[PDB]
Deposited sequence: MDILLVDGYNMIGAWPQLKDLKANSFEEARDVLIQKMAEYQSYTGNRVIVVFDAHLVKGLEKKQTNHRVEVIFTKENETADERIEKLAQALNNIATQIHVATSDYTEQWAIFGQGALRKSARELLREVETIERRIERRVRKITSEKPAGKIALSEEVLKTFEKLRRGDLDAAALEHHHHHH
């Protein structure tokens, strides 16, 4: 595990928290997805590349496809150009049409339910650690290293 290629709008249409947010061409759902992908990147350490189909970036690579290109085509270009001996690529998508392509470029599929579960698990584990800090240096720095840059300033403002 090292790089994760995300199908942006496939996550939005699948996650119940982003399904409803249709106002203004999915602006809120698009922003909160990157916000959750930034939490995932800072915690795990894996690189996140979110790909959106053409119709902000807190240290997360957001790629917008071309006029005549789909998200399926962009993640394939990325998976081939990034597949090396050291790193392993994961494609976060639930599109059945995409499922017959992950194996062809050395990638391991991740369902939208699995990515939603991981983000919730990551937040649940931060929820546990922040609760121990507020109830009270060696453990405070360890929780700070797993948090995003913007969240570090907020947790420090709370304490």
Sequence ranges without modelled C-alpha atoms (deposited numbering)
56-64, 146-150, 174-181
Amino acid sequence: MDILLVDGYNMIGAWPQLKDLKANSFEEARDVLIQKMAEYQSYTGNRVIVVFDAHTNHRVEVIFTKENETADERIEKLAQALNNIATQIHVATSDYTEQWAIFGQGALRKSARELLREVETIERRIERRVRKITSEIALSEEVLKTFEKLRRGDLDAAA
From here on, numbers count along this sequence of modelled residues.
Look over 43-51 and 26-34 in the entry and identify the one with the greater average Cα temperature factor.
26-34
Which of the two stretches, 112-120 or 56-64, shows the higher mean Cα temperature factor in the record?
56-64
Third of chain Cα B-factors occupied by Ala159
highest
Lowest, middle or highest third: where is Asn10 by Cα B-factor in its chain?
lowest
